[PDB]
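In this text, residue positions in the sequence shown follow the numbering used here: the first is 632, and each later residue adds one. For every residue, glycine included, the Cβ atom is placed at its ideal position computed from N, Cα and C.
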Amino acid sequence: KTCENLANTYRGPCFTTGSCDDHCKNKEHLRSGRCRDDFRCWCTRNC
Numbered sequence: 632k633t634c635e636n637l638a639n640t641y642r643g644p645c646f647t648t649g650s651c652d653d654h655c656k657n658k659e660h661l662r663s664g665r666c667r668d669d670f671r672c673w674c675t676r677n678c
């Protein structure tokens, strides 16, 4: 399944999933990244 937790190295509010996802893929090397309702970047990872 997918497990999802906050982006560690993303300091600040998130406004767009594309910003979060790049961060999670490119920087944190996880599955995806989503900019959720809670305004933070959550990186999705396979589990």
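Contact belief for residue i with residue j at Cβ below 8 Å, rounded distance in angstroms
i      : j      : result
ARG667 : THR675 : About 10 Å separates the two Cβ atoms, so there is no contact after all.
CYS634 : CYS678 : 4 Å
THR640 : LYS658 : 6 Å
Three-state secondary structure assigned by DSSP to residue i
i      : result
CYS651 : helix
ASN639 : coil
Residue i burial status per 10 Å Cβ neighbour count (16 or more: buried)
i      : result
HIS654 : buried
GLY643 : exposed
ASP652 : buried
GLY649 : exposed
Residue i, enclosing beta strand (DSSP E) - first and last residue
i      : result
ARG667 : No beta strand (DSSP E) contains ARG667, which DSSP labels as neither H nor E.
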